[PDB]
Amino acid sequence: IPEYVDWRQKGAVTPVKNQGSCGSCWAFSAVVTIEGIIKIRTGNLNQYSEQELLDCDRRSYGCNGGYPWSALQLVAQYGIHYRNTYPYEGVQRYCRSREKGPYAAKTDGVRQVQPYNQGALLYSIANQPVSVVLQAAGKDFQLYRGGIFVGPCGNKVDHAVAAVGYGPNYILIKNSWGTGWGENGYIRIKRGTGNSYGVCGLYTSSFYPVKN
């Protein structure tokens, strides 16, 4: 697989969003992967609804947190609407999937990347954007402004983001904290250190949707 991968260059990544004060990272992470796979499969880059997942995935806790796997399972079973049809409000409301008409896209399943394995994650990233988790609680992560992030951070994963690329010494991540955070909304996290958990526990729980 290539030495450098960047899904933004291939037109598979939509603009950076801001989740606000709502703990909806899981929904954002899941949506990036859906937007990516639909582009790779159909050739069309569309934006999908984080709000729908927030309101409809009852296995998750709305603005209190949730699971990317669960959100991806919901899109596989039912489907998802376009972001303009069901826009982000930043607050959990009732599931409005029904009133908004037929779904825009549907996936066929979800697979998990072999955890604690850098190679497995890089292979998945080379194929499509992947939902990954990491420890974001530390002030070093929160105040990241640029460069290759090496930490400091432990492996107490608490934030769901998405891997959209990589390079020789980094994994490119799309965060959901607005364009003013990090590298225009992105973070390049150090890879190849020999830490099985990954920098900030990056290799703990990674999922991607299956289409076709």
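Start at 1 and count along the sequence shown; that's the residue number.
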{"item": "Mean Cα B-factor comparison, 57-65 or 23-31, giving the higher one as deposited", "value": "57-65"}
{"item": "Given 89-97 and 124-132, the range whose Cα B-factors average higher in the PDB entry", "value": "89-97"}
{"item": "Residue, from 164, 157, 148, 161, that the PDB entry assigns the highest Cα B-factor", "value": "148"}
{"item": "Highest recorded Cα temperature factor - choice among 43, 36, 182, 178", "value": "43"}
{"item": "Ranked C-alpha temperature factor of residue 191 among modelled chain residues, by third", "value": "middle"}
{"item": "Third of the chain's Cα B-factor distribution that residue 143 belongs to, per the entry", "value": "highest"}
{"item": "Chain-wide C-alpha B factor ranking for residue 76, given as lowest, middle or highest third", "value": "middle"}
